[PDB]
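Below, in C-alpha cells: the form deposited without ligand ATP, a single chain.
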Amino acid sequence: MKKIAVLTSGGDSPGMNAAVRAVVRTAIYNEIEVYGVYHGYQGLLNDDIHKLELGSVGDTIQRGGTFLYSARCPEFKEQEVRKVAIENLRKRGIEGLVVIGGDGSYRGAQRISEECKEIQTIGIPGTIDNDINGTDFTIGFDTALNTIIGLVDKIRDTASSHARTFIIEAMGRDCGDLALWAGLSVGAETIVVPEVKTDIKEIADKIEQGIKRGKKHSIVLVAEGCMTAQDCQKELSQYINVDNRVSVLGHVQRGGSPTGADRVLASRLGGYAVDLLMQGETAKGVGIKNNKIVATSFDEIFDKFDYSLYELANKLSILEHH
C-alpha cells in the first residue's frame, strides 16, 4: 500500500475537506504517497490526478465544500468507461482509493475493487442528508442541522412579531432526519417527514385548535422528501385559512464551516480509511455506529429513522397538547 488516491463525489457537504485532510496527513504519516483526484469520478476519466503534499491540505479543516471538487459522472455505469479510470490510477502505481460521498460514490468504488485486482477501495460517508448506511451520522449532517436551526431561529423572530405561520422546507432528499432533528431543536409545532404517514387534515385540525387556545402562529417544518412547502401550504389551505408564508431554505444548508462534530467525525473516518487500506481491506464503507468507528461491506450497506425521537418531538409541541 504505497500509493493511494482520494476523491469527493456526490453533493458536497461541510467536513469533506477535513476528511480529505485526514486521509492526506494519515497517508503521509505512514510514508504513503497520496494523489488528489479532482472533480470526482470525472477526474478519473480526464486524468485530473495530482500528487498531494502535507501543505496541500493546510488551511482546509475549517473550510466548507470540497477543494477537490465534485462533478457527476453517470457514464461510470459503463464498464468501458471504468476501464479508462482504472488505467489512469494504475499508470501511477496507485493501490488504494478512498471515495468521500454518498451511495453513488460507493457504487463506483465497489466496481473499481471488483474490476481491478490491484486496487483496494474504501468509502467515507459525506452528505448533509444522513442517508447512507454503515453509519448513524454522515459527515455534514451536524453542520446542516445547525444551519437550519440558525435560519429557523431567525424566522421565528419575524413569525413572533407578526403572529405569522411559516411553512419551511428543509433538505434531506428522501430522508427526514434533518427535518426531525431541526424541528425538535426549534420547537416546530408540526414536522412533516416522508417516513410517517402524511395527514394534512390532522395538521390543519391541530393548528385550528391551537388558535382556539390562543396559539396564534406556528412553524411547520417540511422535509422535501415528503412534499414541497408550497404544496403543503396549498393542501392546508383546503382546510384552514391562516396568515402564512413559505420559506425554502435551499442550498445554504450545504455550505458553511463544519461544526466540531463534523470536523472530528471526518477526521476519524479519513484516518480509519487509510488504516483499512494498510490492513488489506476493500469494498467497505466506514462510519460511526453506536459510538464506535466501524467498517461495513458495500454489499451490506446497499442491501434508520428514529420514530421514538419523532414521538418526543410531538409531545413537546404545544399543538399536540392544545
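Shifts are known only where both forms have a C-alpha. Heads up, when I say rigid core I mean the largest set of C-alphas that superpose within 1.5 Å between the two forms. All residue numbers are counted from 1 along the displayed sequence.
Below: the form solved in complex with ligand ATP, not depicted.
- No atom of ligand ATP lies within 2.4 Å of a backbone or C-beta atom here once its pose in the deposited bound form is superimposed on the site C-alphas of this chain, so the site counts as open.
- The partner is absent here; in the deposited bound form, the one residue of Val186, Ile94, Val242, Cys73 having a heavy atom within 4.5 Å of ligand ATP is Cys73.
- Though ligand ATP is absent from this view, in the deposited bound form it lies within 4.5 Å of a heavy atom of just one residue from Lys77, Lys117, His162, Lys212, which is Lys77.
- In the deposited bound form, ligand ATP sits within 4.5 Å of a heavy atom of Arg173.
- Taking the partner from the other structure, ligand ATP in the deposited bound form has no heavy atom within 4.5 Å of any heavy atom of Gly134.
- Using a 4.5 Å cutoff between non-hydrogen atoms, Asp142 does not count as a contact of ligand ATP in the deposited bound form.
- Among residues of the shown chain, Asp177 is not one whose heavy atoms approach ligand ATP to within 4.5 Å in the deposited bound form.
- You can rule out all but one of 146-154, 233-241, 94-102, 196-204: in the deposited bound form, only 94-102 has residues with a heavy atom within 4.5 Å of ligand ATP.
- Shown here without ligand ATP, the chain has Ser9, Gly10, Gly11 in 1-32 lying with a heavy atom within 4.5 Å of that partner in the deposited bound form.
- Here the two forms are overlaid on the core, and between this form and the one not shown the C-alpha of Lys215 is the only one among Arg173, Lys215, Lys234, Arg107 to shift by 2 Å or more.
- In the core-superposed comparison between this form and the one not shown, the C-alpha atom of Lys154 has shifted by at least 2 angstroms.
- After superposing the rigid core, the Cα of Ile200 is displaced by less than 2 Å between this form and the one not shown.
- Relative to the superposed rigid core, the position of the CA of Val246 differs between this form and the one not shown by less than 2 Å.
- With a change of no less than 3 Å, the CA-CA distance between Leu309 and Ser160 is larger in the deposited bound form than in the form shown.
- Figure legend: C-alpha atoms of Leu180 and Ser160, shown here, are separated by at least 3 angstroms more in the deposited bound form.
- In this core-based overlay, residues 153-164, 206-217 form runs of three or more whose Cα positions differ by 2 Å or more between this form and the one not shown.
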